[PDB]
S.K.: 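One structure, as structure tokens, below. Some questions next.
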Amino acid sequence: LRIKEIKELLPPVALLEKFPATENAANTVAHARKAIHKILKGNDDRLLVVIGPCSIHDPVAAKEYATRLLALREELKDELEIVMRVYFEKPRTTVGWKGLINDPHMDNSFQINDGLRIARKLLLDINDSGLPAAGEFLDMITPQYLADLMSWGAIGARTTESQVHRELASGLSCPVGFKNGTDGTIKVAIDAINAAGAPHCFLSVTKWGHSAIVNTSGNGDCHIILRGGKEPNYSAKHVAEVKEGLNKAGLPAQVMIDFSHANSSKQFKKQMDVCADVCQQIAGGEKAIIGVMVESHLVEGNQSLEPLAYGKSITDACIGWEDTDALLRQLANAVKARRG
Amino acid sequence: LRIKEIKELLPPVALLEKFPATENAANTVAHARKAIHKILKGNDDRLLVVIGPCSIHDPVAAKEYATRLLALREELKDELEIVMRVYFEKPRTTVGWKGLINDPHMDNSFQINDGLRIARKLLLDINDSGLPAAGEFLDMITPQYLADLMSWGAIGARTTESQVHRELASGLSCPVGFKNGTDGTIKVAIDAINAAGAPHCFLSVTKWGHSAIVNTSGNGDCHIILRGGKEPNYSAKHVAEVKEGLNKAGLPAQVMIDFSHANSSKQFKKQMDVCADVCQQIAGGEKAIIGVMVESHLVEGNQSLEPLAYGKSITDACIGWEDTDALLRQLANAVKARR
Amino acid sequence: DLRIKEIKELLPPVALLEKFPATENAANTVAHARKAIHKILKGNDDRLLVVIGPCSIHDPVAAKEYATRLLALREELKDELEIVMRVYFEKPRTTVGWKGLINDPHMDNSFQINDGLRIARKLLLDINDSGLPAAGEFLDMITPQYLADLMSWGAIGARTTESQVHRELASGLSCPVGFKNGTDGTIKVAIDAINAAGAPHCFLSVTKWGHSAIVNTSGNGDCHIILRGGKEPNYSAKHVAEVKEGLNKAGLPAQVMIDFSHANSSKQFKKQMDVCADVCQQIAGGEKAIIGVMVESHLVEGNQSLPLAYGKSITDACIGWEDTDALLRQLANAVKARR
Amino acid sequence: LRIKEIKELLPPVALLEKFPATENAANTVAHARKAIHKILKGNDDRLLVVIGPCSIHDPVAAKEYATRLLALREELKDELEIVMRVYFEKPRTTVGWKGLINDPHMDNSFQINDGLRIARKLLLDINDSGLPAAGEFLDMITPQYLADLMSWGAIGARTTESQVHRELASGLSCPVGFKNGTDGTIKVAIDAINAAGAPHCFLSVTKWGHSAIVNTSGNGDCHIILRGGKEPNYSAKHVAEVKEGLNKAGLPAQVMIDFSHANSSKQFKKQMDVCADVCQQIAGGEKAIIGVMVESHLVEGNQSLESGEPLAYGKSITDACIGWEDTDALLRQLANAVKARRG
Ligand SMILES: [Mn+2]
Ligand SMILES: [Mn+2]
Ligand SMILES: [Mn+2]
Ligand SMILES: [Mn+2]
């Protein structure tokens, strides 16, 4: 057999019981999800900004980052709907650290039970403070432990074509963004949007930790995320091609632009160059750009695991706080312009 | 909330107790795995052939096929290691019938518990008769119900890059084939193979239907499956590149070619052409092609979902049985030649 | 977990119900018998319920024969007797010792409980499928889910009649239940139990899926006392009179079942024939209160402490098959006379 | 089926995760269990005293009671090992309220999940303050939710002869007292102690709320509790018969004497008469009485839920209890008797 060991996993209700959502958290989640729906509908011209660390690996710095982001979110709330990237799971090209839930101690001890406790506790505190959270829904089982605290979800580029993740999205209570494929393929995401908007029936694990059959109603709050492929795809030239591609599919012509990953050619400072370009489209009148995604942290760049520096990514390189404050105002100014 | 209803699901242990493995089936799966391994390790010059319906949606028409294919398996056994495509789950481009397990009655009634019973019984019978089975591992929970009766599995083109599927593969007891991406990307498959060969720790459901933390050891019996992209990729040209690309990744230069889907340009008919070419390469001495995959049925073509025509696919179009017998012999001959 | 040495996996009830589902006949056997016993307890049938068989099942082979022999008599004496076979898989001990077939089927302290459950339900399904109803002591709180659907009548042991956990269980069983008087001979505990089991209860229990849950029961109106003796026998007309007045005072139907064995036969199997004579006279005399009896019989007579003599009890001593034939006929005549 | 409905039950881990033992709560339990073991082994001459309400029906009054009891626990600790009765499960003669866990709101809404949360939170608070807790282990599934916070347990008179309860005790991490039968029968408790001291294999539910097969090691920290029968059984005469009976069965010759229930002829103030008699036995040299049990509350007597009459605060809704004043005097008498025995 190829399975070496099987260990006990706390059931979702154990985490929900230990860390129940507070009234403030519940409100943060509810208002944030509606606000995003309004933007996706068209009843709102604000820009959805999902911004924060490539991955969370330290609750202390994540808490400090949340406090600074919250101030900006309130200050720029008339132009931006700021949601913090609180990613607990990371998809790897081959092998590597999978995130805080899978291995919180970052030493391959895989204390998943500690991971879930730490993750939910952090998620709860950020929402309770009034700051909404976004995360990638990669794993099929972890959602029951955290979904109630998520205001927006992302389906990775390596799983957007996966029926299992399209199924998951069809039952999620929050808006969902589907990234285009690693090679830059737009089709997989347009297809994913159609599929996740349709009712689904499949096997899942309940809040009680038991497998069951579930039926979903389909998720209408789904959109594409442009994150580049072999070449970047954030340009007006690409945004045009994608708007037409969505209409031809009978979907609203809307996109979220991730300034990182393939769009910045994996060099963190370039996210500022993508920002400038996108802000020109927005300020120019482009009303299809519904939101943006940015990899930001307290300190710029990154560091490897293979004692840590405070507030610096251990996964993808991020822009630092100074660039973050500036990028956010750039986006807000572009929004005030596109308005007129 | 976007969750309509939640219903009871029989735990794996319930399907295993009601439909246990017969001594035959148990040996039919074990021998086949050892054989497939033996081939991947280069201690066998035979060719793995994964052939059968795109999808199983009729145990009757399915049993007749298993019946006919089993003969050819014994007949062409010195050249070919024939394994039937017993696919219970299907990934759709957008939406559609997901397979026997998800909606066996094909009426969107989704009687999955009957689906699992029906599926494991059929799989058990085919295995009992001596014919190995293959399928695509799509779902993360269904594996516990059927895995003990699978001799080879495949990760779909749309899920080869998916970390949850590479995790699943690292813990499966049978050889696994990873299809190249829909656009034809080879790297996703090469990366999947390296990932699947390493140990993993993740969440999964046990035989008791309970989520748990699992540690796998990694699966070395993995390989790529060329299934085409924007353009077909079965020619000696693509094989040569993919052979070079594997070495770069420090992996054995071996491949499986699927004659259908993108390689046949979605024309079951064209599988015979692809067959010729592959036979030419094998006949020429190409020792890299360690296996092939063909989508066939009793009656060629395909139909869509009202009563249905018999033995005709309800998903991807397949070649009929006549072509199958000939195709299987074309391949067996090439093997003898290559030898 | 200081005093917990080990924890092992247990098959959920659905696993046993899936492997061994109840045949159409088995279900009919159970439904009719329960209905019949209900009719007798409601005083709308002058027949006598007769729970007879071994002290404990320890060999499916002998038990299947015993069952075949009894079925002949059940069909024969069917107009005066409602014969139900004692198929006891759990035995409560005074201190320690063998707890029965489910707990340790291999009778070698290997506690292969999962096997015990397979054997027990299979044997119980067989007996029922043939048309012979079954009776057993419900001792464990978790085993009922695996066998209850095949039980027509159940007993609560003298050592657990006063226990609230057993009274709750009884309140939700789908079959009639008999409560034995205390081991010291105390009647009140059984009277209190009938009243307790007749009311609705809410308590924790394990579902068919093997998960704990909150359960609400409706209450069981089909409960009655079983006179099994104490410091001395309590089967005489004098005791019967006293128990009937006791039941009336407690607002319960004045009826009883008399166990010819255990404390009433002073632990001497042969003495069961004497109790039979007495009870027969009572029934012949017009005693409508004696609604049933319980007898410990087997293929052969006696007891043997754990080769094993085939068809011989390994727990309490029983009367042989001949005395059994004589006993069942003696009872049927008495019933004929009463009527 | 006579099964009206089935509802979801939080698994033990959910309660354990929501209400984990604090360092002080875990220390209270480990120290109490060790202290009781020492008394049972005859390595300590103090008297174990399990005292408190017949049943817990109100967390507020339970905590006010625990504060007063803790003060005495600390003051008389040289003579007494005081443990509070925190009983969440009640076995009824026929039907009735089964305790806080089964029906916390005492109105037949049976909110068991809430009951479990309320019970464990109250137990954690009492243990964290340094006061150990005792309870009756009646139900087969509730133990997993609360056992880690129990320092001593009882098997009641109606279940001492039950195999499923003897099996449970054989696997419990705390010392366990077995009450004699309701009719006065001593043998069932002697057999129970012997049965519980042996390893067993049976079916139970895990902390994950799943049924499983379990193997226990046997529990050697078990003893008898004399609680009366048709006649009280606390007198020297009975204590001698029982010590001789345990000896004959090869068990330590020792007993806990419950001053209540049938030993007080169900007259709550008679517990004071039992106390006086037991104190004279202890002060006169009796060493085999290793513990006593007392039904005590803030206010004396009892009240009924079936009278519609509003509930008085700190007054039992099941068996009648002595009030606080008598409790303080009784505890001091016992400590004084122990001091006298030590001489
Ligand atoms: Mn990243
Ligand atoms: Mn296909
Ligand atoms: Mn017996
Ligand atoms: Mn009491």
Side-chain angles (χ1 to χ4, degrees), chain A residues 9-22 24-33 56 59 62-63 66 70 84 86 88 100-101 104 112-135 137 141-153 171-174 205-210, chain B residues 1-3 6 211, chain C residues 212-214, chain D residues 7-22 25 59 100-101 104-105 109 111-125 128 144-146 149 207-209:
Chain A
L9 168 63
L10 288 174
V13 284
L15 276 296
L16 296 167
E17 281 291 318
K18 187 185 184 58
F19 299 119
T22 53
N24 282 344
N27 290 329
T28 295
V29 175
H31 300 320
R33 288 177 174 167
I56 295 303
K63 243 120 117 54
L70 178 64
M84 186 181 166
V86 189
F88 293 126
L100 180 146
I101 293 171
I112 292 176
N113 285 307
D114 290 343
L116 293 169
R117 296 192 185 96
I118 290 168
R120 187 169 178 86
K121 202 283 183 290
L122 181 55
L123 196 51
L124 175 58
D125 292 332
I126 296 182
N127 277 282
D128 182 70
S129 79
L131 180 62
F137 285 81
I141 293 168
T142 60
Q144 275 305 311
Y145 304 77
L146 285 40
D148 59 308
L149 297 180
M150 300 300 301
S151 290
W152 180 91
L172 287 180
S173 306
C174 61
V205 178
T206 70
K207 301 176 187 72
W208 304 92
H210 314 140
Chain B
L1 216 84
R2 296 201 176 95
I3 294 305
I6 297 187
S211 50
Chain C
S212 47
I214 295 159
Chain D
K7 280 172 279 181
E8 329 232 357
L9 175 68
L10 288 169
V13 284
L15 279 295
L16 294 178
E17 287 296 318
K18 187 168 179 69
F19 302 112
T22 52
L100 181 148
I101 290 172
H105 308 121
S109 57
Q111 291 300 287
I112 294 170
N113 288 304
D114 281 334
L116 288 167
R117 291 187 189 98
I118 290 170
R120 190 172 172 85
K121 191 353 151 67
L122 173 60
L123 216 43
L124 168 60
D125 292 332
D128 185 73
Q144 292 285 26
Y145 298 83
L146 313 175
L149 295 175
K207 276 160 200 168
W208 309 82

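FYI, side chains are in, hydrogens and waters are out, and symmetry mates aren't considered; it's all heavy atoms of this structure. Letters A, B, ... mirror the listed sequences (proteins, then strands); counts begin at 1.
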S.K.: Report yes if some heavy atom in the side chain of A:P132 is under 4.5 Å from a heavy atom in the side chain of A:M84; otherwise report no.
M.R.: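 No. Closest side-chain heavy atoms not under 4.5 Å.
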S.K.: Less than 4.0 angstrom from a charged side-chain N to a carboxylate O is my criterion; do A:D148 and A:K207 meet it?
M.R.: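 A:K207 and A:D148: not salt-bridged.
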S.K.: Could you tell me the separation between the CG atom of A:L9 and the OG atom of B:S211, rounded to the nearest 0.5 Å?
M.R.: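 Atom-to-atom, A:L9:CG and B:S211:OG are 4.5 Å apart.
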S.K.: Using 0.5 Å steps for rounding, measure from the CG atom of A:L15 to the OG1 atom of A:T142.
M.R.: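 Nearest 0.5 Å value for the CG-OG1 distance: 11.0 Å.
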S.K.: Below 4.5 Å, heavy atoms only, C-beta onward: do D:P59 and D:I118 meet side chain to side chain?
M.R.: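 Result yes, sub-4.5 Å side-chain heavy-atom pair found.
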S.K.: Below 4.5 Å, heavy atoms only, C-beta onward: do A:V205 and A:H210 meet side chain to side chain?
M.R.: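 Of all side-chain heavy-atom pairs linking A:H210 with A:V205, none is under 4.5 Å.
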S.K.: For the residue pair A:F137 and A:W152, what are the closest heavy atoms and their distance?
M.R.: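 Here A:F137 and A:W152 meet closest at CE1-O, 4.5 Å.
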S.K.: Applying salt bridge (charged side-chain N to carboxylate O under 4.0 Å, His left out), name anything that partners A:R117, two or more places apart in sequence or on another chain.
M.R.: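 For A:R117, the residues satisfying salt bridge (charged side-chain N to carboxylate O under 4.0 Å, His left out) (neighbours in sequence not counted) are A:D114, D:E17.
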S.K.: Tell me the closest heavy-atom pair linking D:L124 and D:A21, and the distance in Å.
M.R.: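 Result for this residue pair: CD1-CA, 3.9 Å.
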S.K.: Could you pull out the closest heavy-atom pair between D:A25 and D:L149, with the gap in Å?
M.R.: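 D:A25 and D:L149 have their closest heavy atoms at CB-CD2, 4.3 Å.
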S.K.: For A:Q144 versus A:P12, what's the shortest heavy-atom pair and its separation?
M.R.: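 Of all heavy-atom pairs spanning A:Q144 and A:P12, the closest is CB-CG, 3.5 Å.
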S.K.: Between CG of A:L123 and CG of A:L116, what distance do you get to the nearest 0.5 Å?
M.R.: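 If we round to the nearest 0.5 Å, A:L123:CG and A:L116:CG are 11.5 Å apart.
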S.K.: Indicate yes or no: at least one non-hydrogen side-chain atom of D:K121 is less than 4.5 angstrom from one of D:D125.
M.R.: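 In contact.
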S.K.: Short question: side chain of D:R120, backbone of D:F19 - any donor-acceptor pair under 3.5 Å?
M.R.: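 The answer is yes, because a donor-acceptor pair under 3.5 Å joins these two groups.
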S.K.: To the nearest 0.5 angstrom, please state how far the OG atom of A:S151 sits from the CD1 atom of A:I126.
M.R.: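 Rounded to the nearest 0.5 Å, the OG-CD1 separation comes out at 11.0 Å.
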S.K.: Sequence neighbours excluded, which residues qualify as salt bridge (charged side-chain N to carboxylate O under 4.0 Å, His left out) partners of D:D128?
M.R.: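 Partners of D:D128 by the salt bridge (charged side-chain N to carboxylate O under 4.0 Å, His left out) criterion come out as none, since no residue qualifies.
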S.K.: With a 4.5 Å heavy-atom cut-off, do A:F88 and A:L122 have their side chains touching?
M.R.: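 Contact flag for A:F88/A:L122 side chains = yes.
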S.K.: Is the shortest side-chain heavy-atom distance between A:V13 and A:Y145 below 4.5 Å?
M.R.: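 Not touching, per the 4.5 Å side-chain cut-off.
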S.K.: So how far is it from A:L146 CG to A:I101 CD1, rounded to the nearest 0.5 Å?
M.R.: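 One finds 5.0 Å between CG of A:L146 and CD1 of A:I101.
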S.K.: Any heavy-atom pair between the side chains of D:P11 and A:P11 that's under 4.5 Å?
M.R.: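 Yes, close enough: below the 4.5 Å cut-off.
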S.K.: Tell me every residue that passes side-chain hydrogen bond (donor to acceptor under 3.5 Å, both in side chains) with D:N113, counting only those two or more places apart in sequence or in another chain.
M.R.: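 Residues passing side-chain hydrogen bond (donor to acceptor under 3.5 Å, both in side chains) with D:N113: none at all.
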S.K.: Of all the heavy-atom pairs spanning A:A134 and A:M150, show the shortest one and how long it is.
M.R.: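 Result for this residue pair: C-CE, 2.8 Å.
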S.K.: When you compare the side chain of A:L10 with that of D:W208, does any pair of heavy atoms fall below 4.5 Å?
M.R.: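 Result yes, sub-4.5 Å side-chain heavy-atom pair found.
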